[PDB]
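My structure is below; once you've seen it, I'll send some questions.
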Amino acid sequence: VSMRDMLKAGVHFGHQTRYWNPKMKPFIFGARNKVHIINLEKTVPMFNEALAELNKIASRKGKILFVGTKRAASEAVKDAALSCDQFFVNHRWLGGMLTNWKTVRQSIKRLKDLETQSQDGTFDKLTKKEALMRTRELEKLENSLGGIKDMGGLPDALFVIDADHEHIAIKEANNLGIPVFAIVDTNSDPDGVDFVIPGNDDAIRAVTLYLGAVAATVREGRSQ
Amino acid sequence: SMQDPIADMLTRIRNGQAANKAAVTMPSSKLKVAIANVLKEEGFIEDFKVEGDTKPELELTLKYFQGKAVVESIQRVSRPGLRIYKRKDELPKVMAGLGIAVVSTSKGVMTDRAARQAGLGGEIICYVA
Amino acid sequence: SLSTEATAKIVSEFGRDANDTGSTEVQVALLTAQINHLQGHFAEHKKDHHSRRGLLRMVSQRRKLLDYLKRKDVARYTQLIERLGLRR
RNA sequence: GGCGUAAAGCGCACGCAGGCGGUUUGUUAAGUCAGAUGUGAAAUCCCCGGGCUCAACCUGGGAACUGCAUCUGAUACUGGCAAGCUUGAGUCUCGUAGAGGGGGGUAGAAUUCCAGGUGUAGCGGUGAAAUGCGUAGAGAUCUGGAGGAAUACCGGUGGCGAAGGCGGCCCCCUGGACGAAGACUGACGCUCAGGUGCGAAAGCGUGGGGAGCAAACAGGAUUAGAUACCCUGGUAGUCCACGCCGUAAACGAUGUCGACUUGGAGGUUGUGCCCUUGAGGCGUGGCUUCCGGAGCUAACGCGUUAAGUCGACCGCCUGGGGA
């Protein structure tokens with residue numbers, strides 16, 4: 001949140017001037033070497049407001065859903081969402097995880113049944129061909145739905161990295177009225193998000209800074 | 001060529017409102033300033049200022065409520081190709097009274113309800129809803 | 001078109017100053033000079049329609065300037081049309 | 001209510017009548033507005049009652065008759081008049097790019113033809129053939145000459161032009177566009193029925209010219225037939241001068257003029273700034289190609305060069321045939 005730590009983390013950096021979105025004009029400070037520079041004076045108050053609303057949602061019995069699938073922010077999202085008893089989607093977002101929850105609930109049930117019969121059940125009726133088949137199905141289903149297995153229903157807030165990369169999740173949350181907290185870069189569309197946090201979403205240290213701040217605020221919210 | 005500057009002012013307001021512009025600028029005129037006064041006193045624009053002496057430039061500060069346009073519709077009624085004059089008993093009411101109709105009566109430019117209370121008719125400049 | 005010296009001469013004899021190059025009299029005189037000069041070119045090049053379009057542009061511009069001058073001040077209009085030899 | 005594709009933008013432009021017209025002051029009170037007066041026949045329409053036992057019907061009173069004229073005022077807007085102003089529109093200075101137009105000259109490559117040398121049996125053409133040319137020496141090759149037409153490479157969703165269109169090089173005459181900084185005139189403007197002008201190709205008239213190509217035409221093929229596609233020739237024509245014709249899927253199937261509305265990548269042509277580092281970067285105009293946002297659209301798609309939001313004027317459409 002500290003603008004010095006932000007500027008040292010690489011938050012102010014943006015994409016090239018070609019790929020920019022004109023809707024991101026209020027949050028752009030300028031350009032250097034044909035890449036956009038995000039205005040941190042605009043970034044820190046919006047990030048603080050987003051953190052305040054996230055803390056409210058956490059303290060009011062809420063479920064946060066951390067969404068980010070880029071190879072830069074996958075493991076970071078996993079660590080952040082596990083560090084606060086939350087849920088994450090760090091791999092491919094299945095089209096309809098939220099709007100078609102009544103159908104992916106069955107896949108969650110299947111994943112849970114498979115992992116219980118593998119670990120606690122320990123069928124041992126292997127056949128050495130259906131066993132490896134079931135383990136591969138379990139690993140696919142876990143890489144797809146491993147973060148939201150203990151969610152139960154739809155979350156109350158989405159924290160998205162690279163709002164352009166995750167337009168499907170944002171559109172689903174907007175269809176369901178769930179507030180969206182997205183790290184919107186200079187090339188992304190800030191229309192479908194509620195709490196736009198204009199900052200770099202490609203550098204790894206920037207997303208670790210964002211996720212650490214969000215994890216801290218949601219933990220302090222959990223602990224009231 | 002420029003044959004209707006009042007319709008041009010209305011079009012500038014409409015296009016600046018649709019583009020979420022903060023303020024719109026245009027060459028000034030007495031009738032433009034009167035219509036801008038009528039719009040400001042009715043609450044459709046925030047403020048207006050006239051800058052310059054030999055070439056006055058009128059600048060209207062557009063108004064938004066919920067990130068939405070305050071001026072939903074603005075149309076030119078009386079135009080150079082067809083002039084529209086109305087008597088006081090047939091003055092139009094826009095949006096069943098929720099909108100205003102800028103009327104140019106012999107006592108200056110005013111709204112349709114002000115011209116009705118004053119017992120006057122005249123040229124229907126525009127409809128603002 | 002007209003040379004610089006001929007244009008300067010016309011501006012001087014038809015203008016209220018050596019810099020009054022925009023007066024209606026100066027414009028009409030310059031257009032008349034260009035038309036009279038082009039007359040000889042088109043006597044020899046009767047199939048030059050592309051240049052005759054610019055000639056007719058000059059003619060119509062001079063006509064509109066003369067109409068404006070006659071509507072503005074008829075005395076200067078008469079002085080101009082007698083000094084230039086117009087009125088068909 | 002419409003005109004990109006469903007019917008509908010004149011092929012393009014100039015322009016008279018007409019329509020509309022930047023901005024300020026004064027004046028008038030023509031349009032406009034307000035009030036009053038006169039009139040707007042009665043019946044009818046409508047409202048409240050009355051009489052027919054009810055109704056139809058009859059009838060009292062009122063409202064209405066949205067109109068016209070006159071008189072008295074108002075002056076915001078439109079109009080008239082007078083004086084202004086510079087931002088629209090033009091003039092001048094200096095340059096820039098361009099297949100813009102008209103006239104004359106010239107250059108090289110190639111096709112064809114004529115004459116000659118070498119040389120010998122084929123050449124040409126096709127899916128295959130044949131018609132055709134060739135022992136009278138073809139085709140091939142070499143040399144010289146004649147004539148006409150068009151300008152390889154450059155060459156490019158490049159440039160110029162109102163449109164149609166414009167392509168070697170040189171000279172002569174000539175139109176438009178754009179840019180820099182100023183000076184000047186001061187609404188002189190936009191559109192335009194009728195009118196006039198330009199208007200691909202084909203076609204027509206007169207006089208030339210005629211290499212190549214090629215309607216018609218002839219022959220050889222193919223075919224059931226083949227008045228065609230294919231082949232061998234070939235006249236008009238294509239070319240030039242001067243007239244006529246006035247039509248095209250004359251297309252962006254998108255009239256002209258002006259204002260406003262997020263962006264990206266290019267092309268072309270000026271101009272300004274900076275140790276010019278560089279064939280550099282950053283601005284600022286003109287024209288132009290592709291994609292795409294809001295918006296619009298029946299959709300396709302258009303999208304700052306709008307088919308978005310508006311204003312002025314014009315042309316056009318009203319089911320398919322007949323036509």
Side-chain angles (χ1 to χ4, degrees), chain A residues 16-25 34 189 191, chain B residues 1-21 24-32 34 52 54-57 74-76 78-91 103-110 115 118-125, chain C residues 1-2 4 7-8 10-11 15-31 34 37-38 40-42 44-61 63-69 71-72:
Chain A
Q16 297 200 66
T17 59
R18 323 157 45 124
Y19 315 108
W20 84 313
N21 204 290
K23 297 180 179 180
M24 294 298 295
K25 202 168 187 293
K34 303 242 161 23
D189 196 12
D191 253 29
Chain B
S1 48
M2 178 74 68
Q3 312 190 30
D4 199 2
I6 299 306
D8 183 51
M9 169 184 66
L10 310 189
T11 291
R12 283 174 129 110
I13 295 171
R14 200 189 301 107
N15 295 2
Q17 220 90 353
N20 294 323
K21 283 290 194 165
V24 293
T25 299
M26 67 202 71
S28 151
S29 159
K30 286 208 325 295
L31 190 54
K32 285 184 186 175
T54 192
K55 292 156 56 182
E57 214 87 20
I74 176 156
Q75 325 165 13
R76 181 85 140 109
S78 211
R79 44 179 186 85
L82 177 57
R83 297 286 175 182
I84 303 295
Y85 311 106
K86 298 292 181 182
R87 303 198 292 262
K88 59 118 170 164
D89 262 326
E90 58 192 18
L91 280 180
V103 181
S104 187
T105 72
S106 34
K107 298 305 178 177
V109 169
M110 53 186 67
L120 285 175
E123 177 170 349
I124 314 301
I125 294 289
Chain C
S1 270
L2 286 185
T4 300
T7 314
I10 292 163
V11 169
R16 311 317 303 168
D17 193 356
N19 296 259
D20 185 11
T21 74
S23 171
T24 316
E25 289 75 45
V26 175
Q27 295 193 45
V28 169
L30 288 170
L31 289 171
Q34 279 146 12
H37 177 44
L38 300 297
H41 160 78
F42 288 124
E44 218 258 351
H45 287 301
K46 297 183 284 294
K47 294 265 138 282
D48 198 4
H49 308 293
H50 288 73
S51 308
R52 197 135 39 190
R53 182 175 147 88
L55 171 78
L56 300 176
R57 181 195 251 109
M58 282 187 290
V59 170
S60 64
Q61 196 176 344
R63 189 60 241 161
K64 288 175 177 178
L65 284 161
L66 282 171
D67 290 352
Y68 161 76
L69 188 57
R71 180 227 315 153
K72 211 55 159 50

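Below, read A as the first sequence line, B as the second, and so on, with proteins coming before strands; counting in each chain starts at 1. These values consider heavy atoms only, across backbone and side chains, with no hydrogens, waters or symmetry-generated copies.
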Tightest non-hydrogen contact, residues B/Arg83 and B/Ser78, listed as CA-OG, 3.2 Å
Please give the nucleotide sitting opposite D/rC273 as a Watson-Crick or G-U wobble pair, both distances under 3.5 Å, or none.
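D/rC273 is paired with D/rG281.
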In whole angstrom, what separates C/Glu25's CD from D/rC92's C1'?
16 Å
Applying a 4.0 Å non-hydrogen cut-off, can you work out what B/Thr54 is touching in the nucleic acid: base, sugar-phosphate, or nothing?
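Base, at least one base atom sits under 4.0 Å.
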Check ion pair B/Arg76-B/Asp4 (N to O, under 4.0 angstrom):
yes
Please report, rounded to the nearest Å, how far the P atom of D/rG186 is from the CZ atom of C/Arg16.
12 Å
Show your working on side-chain contact (heavy atoms from CB on, under 4.5 Å) between C/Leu69 and C/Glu25 and close with a plain yes or no.
CA-CA 8 Å; C/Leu69 188 57; C/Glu25 289 75 45; 3.2 Å; yes
For the pair C/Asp67 and C/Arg71, find out whether any cationic side-chain nitrogen is under 4.0 Å from an anionic carboxylate oxygen.
no
Any Watson-Crick or G-U wobble pairing between D/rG156 and D/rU44, both distances under 3.5 Å?
no
Whole-Å distance separating the CZ atom of B/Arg87 from the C1' atom of D/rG31:
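Whole-Å distance recorded here is 15 Å.
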Side-chain donor or acceptor of B/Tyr85 under 3.5 Å from a matching atom on the base of D/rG31?
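Indeed, a donor on one side and an acceptor on the other fall under 3.5 Å apart.
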Taking pairing as Watson-Crick or G-U wobble with both contacts under 3.5 Å, can you name the mate of D/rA200, or confirm there isn't one?
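Pairing partner, where one exists within any strand: none, as none qualifies.
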Take atom CD1 of B/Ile13 and atom P of D/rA259, then tell me their distance rounded to the nearest Å.
19 Å
Taking any heavy-atom pair under 4.0 Å as a contact, classify B/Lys55: base, sugar-phosphate, or nothing.
base
With a 3.5 Å cut-off on both distances, are D/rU289 and D/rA82 a Watson-Crick or G-U wobble pair?
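Result no; criteria under 3.5 Å not both met.
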Atom NZ of A/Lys34 and atom P of D/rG264: how far apart are they, to the nearest Å?
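That distance rounds to 12 Å.
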Hey, could you give me the OG/CE distance between C/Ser1 and C/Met58, rounded to the nearest 0.5 Å?
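Between atom OG of C/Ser1 and atom CE of C/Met58 there are 7.0 Å.
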I need the CG-P distance between B/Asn20 and D/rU309, as an integer number of Å.
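Interatomic distance, CG of B/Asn20 to P of D/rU309: 17 Å.
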Nucleotide nearest B/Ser106 (side chain, heavy atoms from C-beta), chosen from D/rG21, D/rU24, D/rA76
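My answer, after comparing the listed nucleotides, is D/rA76.
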For D/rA221, which nucleotide is its Watson-Crick or G-U wobble mate, given both distances must be under 3.5 Å?
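Pair assignment: D/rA221 / none.
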For B/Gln75, answer base if it contacts any base atom (sugar-phosphate contacts may also be present), sugar-phosphate if it contacts only those atoms, and nothing otherwise; contact means non-hydrogen atoms under 4.0 Å.
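It contacts nothing in the nucleic acid.
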What is the distance, to the nearest angstrom, from the CE atom on B/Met9 to the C1' atom on D/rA259?
13 Å
Should D/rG246 and D/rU247 be reported as a stacked step, that is, with six-membered ring centres less than 5.5 angstrom apart and planes less than 30° apart?
no
At under 4.0 Å between heavy atoms, what does B/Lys88 touch on the DNA or RNA strands: base, sugar-phosphate, or nothing?
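The residue B/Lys88 makes sugar-phosphate contact but no base contact.
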B/S/- along nucleotides 171-182 of chain D (protein heavy atoms under 4.0 Å) is --BSSS------
Considering every strand and a 4.0 Å limit on heavy-atom distances, what is the contact class for B/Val109: base, sugar-phosphate, or nothing?
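Sugar-phosphate contact only - B/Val109 comes under 4.0 Å of backbone atoms but never of a base.
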Counting Watson-Crick and G-U wobble pairs only, both distances under 3.5 Å, name the nucleotide matched with D/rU78, or none.
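The base-pairing partner of D/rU78, which may sit in any strand shown, is D/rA30.
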Do B/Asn15 and D/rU309 have a side chain to base donor-acceptor pair shorter than 3.5 Å?
yes
Between P of D/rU87 and CG of B/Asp8, the distance in whole Å
18 Å
Quick one: label C/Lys46 by what it contacts on the DNA or RNA (base, sugar-phosphate, nothing), any heavy atom closer than 4.0 Å.
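Since no nucleic acid heavy atom lies under 4.0 Å of C/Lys46, the category is nothing.
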Is the shortest side-chain N/O distance from B/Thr11 to OP1 or OP2 of D/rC260 below 4.0 Å?
no
Taking C-beta and beyond as the side chain, do B/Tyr85 and B/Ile124 meet within less than 4.5 Å on heavy atoms?
no
In whole angstrom, give me the gap between the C1' atoms of D/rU238 and D/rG209.
12 Å
Pairing partner of D/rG189 (Watson-Crick or G-U wobble, both distances under 3.5 Å):
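With both distances under 3.5 Å, D/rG189 matches D/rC20.
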Quick one: look up who D/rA226 pairs with, Watson-Crick or G-U, both distances under 3.5 Å, and put none if it's unpaired.
none
Touch class at under 4.0 angstrom, heavy-atom based, for C/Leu30 against every strand present
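The answer is sugar-phosphate, as C/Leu30 gets under 4.0 Å only of primed atoms, P, OP1 or OP2.
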Outcome for D/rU318 when its sugar is typed by the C1'-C2'-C3'-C4' torsion
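Torsion sign negative, so south.
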Within the structure shown, what part of the strands sits under 4.0 Å from C/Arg71 by heavy-atom distance: base, sugar-phosphate, or nothing?
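Sugar-phosphate contact only - C/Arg71 comes under 4.0 Å of backbone atoms but never of a base.
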Applying a 4.0 Å non-hydrogen cut-off, can you work out what B/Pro80 is touching in the nucleic acid: base, sugar-phosphate, or nothing?
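Result for B/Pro80 = sugar-phosphate.
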